[PDB]
Amino acid sequence: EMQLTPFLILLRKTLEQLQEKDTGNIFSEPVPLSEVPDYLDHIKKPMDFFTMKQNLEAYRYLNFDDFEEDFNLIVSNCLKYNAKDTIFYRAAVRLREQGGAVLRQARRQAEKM
Ligand SMILES: CN1C(=O)CNc2ccccc21
């Protein structure tokens, strides 16, 4: 029960804050299927920040949970695909930690709307 425009502004700002935590930009764009040809074997829904931005502007995120769900997918896909001893796996762990703090603060702002 709130106005749509300020909520989308908040999601845009939050998405920028999450991208800032992915310093290697490893989650900025879809995992390249031509470079990882087996990626889709067990990853049923790829996700990345560029796709999240598209979904946001298409009015596909109308509550915080739907936004946070796709962020969690970025993290979970990376934990699932990559072995524990890789930079990619540890990057997803760090993103989960740093991104969760960004998300808690952003949701507190949404609840004030
Ligand atoms: C597996 N993977 C990822 O999980 C994240 N991004 C990426 C870029 C290039 C090759 C592989 C990946």
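Note that each Cβ is placed from the backbone with ideal geometry, even for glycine, and that neighbours are counted across all protein chains shown. Coordinate-derived values only; no laboratory data.
Looking at this structure, is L95 out of contact with any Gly (no Cβ under 8 Å at 6 or more places or on another chain), surrounded by 17 or more Cβ atoms within 10 Å (Cβ to Cβ) and touching a residue at least 60 places away in the same chain (Cβ under 8 Å)? Steps first, please.
Working: out of contact with any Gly (no Cβ under 8 Å at 6 or more places or on another chain): yes; surrounded by 17 or more Cβ atoms within 10 Å (Cβ to Cβ): yes; touching a residue at least 60 places away in the same chain (Cβ under 8 Å): yes.
So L95 fits the description; yes.
Within the stretch 50-64, one or more residues are free of Cβ contacts under 8 Å to residues at least 40 places away in the same chain, surrounded by 18 or more Cβ atoms within 10 Å (Cβ to Cβ) and either of a type in the set (A, V, I, L, M, F, W, C) or in contact with an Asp or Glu (Cβ under 6 Å, 6 or more places away or on another chain) (or both). Number of residues in the stretch 1-27 that are in a loop (DSSP other than H, G, I, E, B) and surrounded by 13 or more Cβ atoms within 10 Å (Cβ to Cβ): the value is 3. From the list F71, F67, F27, the one residue that fits, being within 12 Å of the ligand (Cβ to nearest atom) and aromatic (F, W, Y), is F27.
Which residues, counting only those in the stretch 25-53, are of a type outside the set (S, T, N, Q) and over 22 Å from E68 (Cβ atoms)?
Within the stretch 25-53, the first condition is being of a type outside the set (S, T, N, Q), and the residues that meet it are 26-27, 29-33, 35-50, 52-53.
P32, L33, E35, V36, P37, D38, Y39, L40, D41, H42, listed by residue number.
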